[PDB]
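Look below for two forms of one protein chain, each set out as structure tokens: first structure 1, then structure 2.
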Structure 1
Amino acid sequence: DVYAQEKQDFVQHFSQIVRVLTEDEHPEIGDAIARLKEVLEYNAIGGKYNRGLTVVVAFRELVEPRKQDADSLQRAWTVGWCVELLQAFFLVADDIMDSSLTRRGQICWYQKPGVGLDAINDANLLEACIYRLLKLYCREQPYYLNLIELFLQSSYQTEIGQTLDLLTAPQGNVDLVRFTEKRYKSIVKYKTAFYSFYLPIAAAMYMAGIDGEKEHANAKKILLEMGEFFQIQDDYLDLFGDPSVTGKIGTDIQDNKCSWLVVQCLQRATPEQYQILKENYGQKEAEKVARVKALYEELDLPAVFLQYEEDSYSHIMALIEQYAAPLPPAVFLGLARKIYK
């Protein structure tokens, strides 16, 4: 199946990404260029690569095989890596802001001795590398401007979502009245759904000459719903996932987050259970985090999630029947395979 079978070529392209991004070689900036290399190697490697792979997979399925020459394929791999660099940028910053410990099975970049808040600048550089690659590989192409604007708009939407995530989770401050379903859905749409799901497909679409507003709108209808489910899954796994598989320690309860779990908890709790949540949520103490987990399990939240995943899967399939044409349904189906496993 198409992801595991594009992966190896995609991952190996990375050394080429790095080599080209390292050839501002103004010898004066050598030390900075060496730091950038270290940043890329630590922060763009070690995840599943699904976002960037979706660009490559979708490209193969949308573009005429006779138009898949060596050069247009290189361009597809680079644009895929651009989506991974955007993810790297976002995660480095998000880990600082969420006070996280590990990411992708290693200590977070900013927690590394000798890095600290220098990682703010490292994250901004990763972002800059996107537009540097687009220029180096794509500047002659009809879709150059489309891609630039797509990446910029995706970043803006994600930052708006991050803003809502952060505003809804003020540190050291109760009230659970904030944590509603309406609010939750807006957060994840902006913070997750656009850049994780719309962006990589849309990018492949523009690359294939599919630039019509109506087709992008239809694709977006499916892709934003997939993104909502994916963030709900990320929230569930924050508490109930195995860190050896997720690669990261969860912080949602201590960070006072509007998680899907807390929203579902609030919908189900007796007034007595509400008070337990209220006395215990949003705080660093292990014993307090453990009481919240216990309330979640008392309320059968893992069972609620398993049932939602099934409902969500069926709903997304219904949307693909409605909205996929005229693109190959396989494009969306491959994606859904990846997240609903």
Structure 2
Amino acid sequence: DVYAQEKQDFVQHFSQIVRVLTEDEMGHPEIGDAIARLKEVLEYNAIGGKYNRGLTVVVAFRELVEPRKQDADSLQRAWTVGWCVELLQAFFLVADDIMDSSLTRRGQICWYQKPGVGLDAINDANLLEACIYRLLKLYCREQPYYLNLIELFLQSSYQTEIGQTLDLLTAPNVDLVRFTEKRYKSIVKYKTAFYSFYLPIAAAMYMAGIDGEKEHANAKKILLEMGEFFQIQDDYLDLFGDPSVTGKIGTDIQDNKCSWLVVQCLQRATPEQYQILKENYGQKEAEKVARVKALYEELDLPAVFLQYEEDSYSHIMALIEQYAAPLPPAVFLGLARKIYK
């Protein structure tokens, strides 16, 4: 609800985001061609998602800030910083698709896969990253929270990258002894939860003057837990989701991923059952993948998940009770609804 209410004004803002990033000056003729490429990059990779992360910036700013202080310009800064989050995401995905050898993304040929692009997408990804800071300069350099947001984004980049390293180390080689629960939790926190859940809320907080380290730590405690659950639910749905509801068809098992499902399987399986999996984890051949699906069902994992989901909701609600103050608990509850839904 509160997110379909913001979405038109947020997607309309993108046009302006591109105008000012691609604003080719009459004293810098000869980069035009390069700026033309930049626009193409932005248009292909920053659009076509659901925009949940960037929208969360905008929704949180509306719950955090006295409506008396939500002038046009403040709102516009909120949309801009929400766009910065989407650009951070776009930088990571263009680059991860290259690394994974992915084919599609958001049902569209991955950018690096287009003819004429290739490994040049490395630089394109780096430009997406840079755009973040250009935007924060342009829209926010005079604000008191400016440096807070630069450091936020930079930290968020570092965490995600470091998470990405751990993910890469963890799946070089089928060696399933690498796929510990500890290790799974740690990949999720670094690689996806900091930027997906902490970052957008933290950004809004800084924009609203809330810059305390305890405040931030309390929000972080709640949000990293949410982020763990979201990814767990994602791993689950990769296999048992309906592609109609999810809009993703899942290949986790072919891609020998450190998925929550694989992790639970290995905590639970007799030495015999280790072996069936050790066999079918990764082959393309569909009867390979189908025989892990059926093992997952035979280990009652869909129910393990359902117990984990209830457990998780109870914990989140306790975290919110304890650590939301002095933020409105709605900030968190609105997110919880978006992902326990």
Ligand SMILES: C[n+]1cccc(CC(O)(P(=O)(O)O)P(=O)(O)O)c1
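Numbers given to residues start at 1 and step along the sequence of structure 1. We call the rigid core the largest set of C-alpha positions that still match within 1.5 Å between the two forms.
Note: the form solved without the ligand is the second of the two, structure 2. Aligning the rigid core between the two structures and inspecting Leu145, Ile249, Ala128, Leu152, the C-alpha positions shift by 2 Å or more at one residue, which is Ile249. When the rigid core is held fixed, the Cα atom of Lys284 travels 2 angstroms or more between the two structures. Once both forms are fitted on their rigid core, the CA atom of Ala34 lies less than 2 Å apart between the two structures.
Relative to the superposed core, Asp235 shifts its CA atom by 2 Å or more between the two structures. Core superposition gives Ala294 a CA displacement of 4.1 Å between the two structures. Superposing the two forms on their core, we find that the Cα atom of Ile96 is displaced by 0.8 Å between the two structures. Superposing the rigid core and comparing between the two structures gives a CA shift of 3.8 Å at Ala303.
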